[PDB]
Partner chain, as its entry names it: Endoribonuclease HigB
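Have a look below at one chain only, the form deposited without the partner chain, in structure tokens format.
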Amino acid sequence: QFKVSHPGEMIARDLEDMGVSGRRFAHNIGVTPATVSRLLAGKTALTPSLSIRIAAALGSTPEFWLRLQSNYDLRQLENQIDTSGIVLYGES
């Protein structure tokens, strides 16, 4: 599996399973319902501040949530970055 999920869609499923609305989740974590709506739709990133608030509501660590976002962003780049012409200066 090359394509991986935006963390918003994992959150959306957890909220569905718990019977928790986007608005109620936003009020619990202390952000606007508009922010949550965009996050759940995968239209905005799970930022460092959001990761702290989300870990407090859904568990694990802020680092976990951020890692999911980073992983999504890398795979979304697809073929955009040709690395074949980049000379290795370090060690790999």
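Only residues modelled in both forms are compared. Residue numbers count along the first chain shown, from 1. Rigid core: the largest C-alpha set superposing within 1.5 Å between the two forms.
In what follows, reference is made to the form deposited with the partner chain bound, a form of this protein that is not presented.
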query: Any non-hydrogen atom of residue 60 within 4.5 angstroms of the partner chain in the entry with it bound; finding: yes
query: Close approach of residue 67 to the partner chain in the entry with it bound, 4.5 Å, heavy atom; finding: yes
query: Core-referenced shifts between the shown form and the other one - contiguous stretches of at least three, CA at least 2 Å; finding: 1-3, 89-92
